[PDB]
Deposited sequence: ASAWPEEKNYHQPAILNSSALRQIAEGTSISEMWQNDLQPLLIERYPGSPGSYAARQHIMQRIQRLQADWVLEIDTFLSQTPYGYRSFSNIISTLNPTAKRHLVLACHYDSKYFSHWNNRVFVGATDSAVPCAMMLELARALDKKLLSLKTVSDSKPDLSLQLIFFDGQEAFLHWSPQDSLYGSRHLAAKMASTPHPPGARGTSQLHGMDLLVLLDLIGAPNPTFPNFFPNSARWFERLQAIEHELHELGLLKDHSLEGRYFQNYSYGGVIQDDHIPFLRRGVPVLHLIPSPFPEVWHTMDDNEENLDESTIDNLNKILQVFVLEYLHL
C-alpha cells in the first residue's frame, strides 16, 4: 500500500538563484500576453453562448501551438440551472496524464450573464479573463522548460466553465463546472489501474486564481495546510522586488501580506477543498472595486501589477516542479 499520496506533504521547492530569477523576469511579456492571450477573451462568454465557444477555442488553440506535450480534454456535462437543463464544458490541459502527482493551476473562463445594459456588455476582465491569460502566458513563457518533462510530478491547468450564478449566488446556482469536475476526479482512479487512489489524491495543490488585474491586490493566507506555499509566494515576491525585477512595486504595498482570513469565500476551490485537496486561493480581499459591474473591463486593469504577478507565479511553478 504505497504512501505516494503523502509525498505532497514533504515536497520542497528547488529555489531559483538570482540569475535564474532575472531570466524568468525577462522571459515573460505582458504586452504579448495582452494582445495574444487576453484581448481575445474580453468578450461576453456566459455558459452556452457563442462567446463561450470562442473562448474555449482560443484557450485550446493557444495551448496547442506550444511545444510542450499538453493533452487537452473538454469535460462536457449537463446540469439543472434556474433556466432549466444546460450544457457546460470545463477545459483541462495536462502534461504527463499518467504522472501520479500534478501541481494544478486553475481559474474560471465563463463570464457572468447580464442582459446588455445601455449598450454595455459584461466581460469580466479581472473575473476572470486576466487569470485565464496569466495561465496561458505562463504556459507560453515556460514552454521550453515544461517541454523537458516530456519526482513523478507534473503540471495541469483547469479552466472551469460555469463558476458564476445565472442569477445571484446560491448553493445550487454557481460552481457548476467545479462541483462537477471535483466529483468526477474524486471517482476516477489514478494513476490508471489503481485500486484505491483517485485523481484528487494526485492533486498536490490547487492554485486557484480569481479576480486578478485591479490595482493594489492583497491576497490573504487562507489555509494552514497551504500556508508554507503562501510563504514561498511572499519570499518570491520579496526577492524579485529586491532584485529590481518588479514594476511600480513597494514592500509596504506588497501583494502577499502576513494576514489570514477566517471566513469562507465561495469559489471553484470549494468542491475540491471539501474533498481534502490542499488549496492556495489567489483571490484578493477585498475584491476589485469594479467586481460584478460593467466597469470590470480592460481600461480598469493595472498592467504592471499583472506583469509582476506573472513573474511571481512563473517562479513559483518552476520552483515547485524543480525546473
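Taken in order along the deposited sequence, the one stretch absent from the coordinates is 151-156.
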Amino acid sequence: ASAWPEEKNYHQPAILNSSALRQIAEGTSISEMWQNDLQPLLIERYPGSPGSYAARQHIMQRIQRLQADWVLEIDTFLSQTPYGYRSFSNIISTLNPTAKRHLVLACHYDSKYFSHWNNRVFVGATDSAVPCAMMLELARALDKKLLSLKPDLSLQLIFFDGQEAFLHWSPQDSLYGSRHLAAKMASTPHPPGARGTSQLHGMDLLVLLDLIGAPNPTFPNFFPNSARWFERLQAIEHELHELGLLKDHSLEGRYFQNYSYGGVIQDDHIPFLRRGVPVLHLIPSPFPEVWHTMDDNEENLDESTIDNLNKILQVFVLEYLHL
From here on, numbers count along this sequence of modelled residues.
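Mean CA B-factor, 57-65 versus 284-292: the higher value falls on 57-65. The deposited model assigns a higher average Cα B-factor to 74-82 than to the other stretch when 74-82 and 100-108 are compared. Ranking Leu205, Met134, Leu233, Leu147 by Cα temperature factor from the entry places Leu147 first.
Among the modelled residues of its chain, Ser115 has a C-alpha B-factor that falls in the highest third according to the deposited record. Looking at the C-alpha B-factors along this chain, the one for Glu26 belongs to the highest third.
When the modelled residues of the chain are ordered by C-alpha B-factor, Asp302 sits in the middle third. Looking at the C-alpha B-factors along this chain, the one for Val279 belongs to the lowest third. The PDB entry assigns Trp169 a C-alpha temperature factor belonging to the highest third of its chain's modelled residues.
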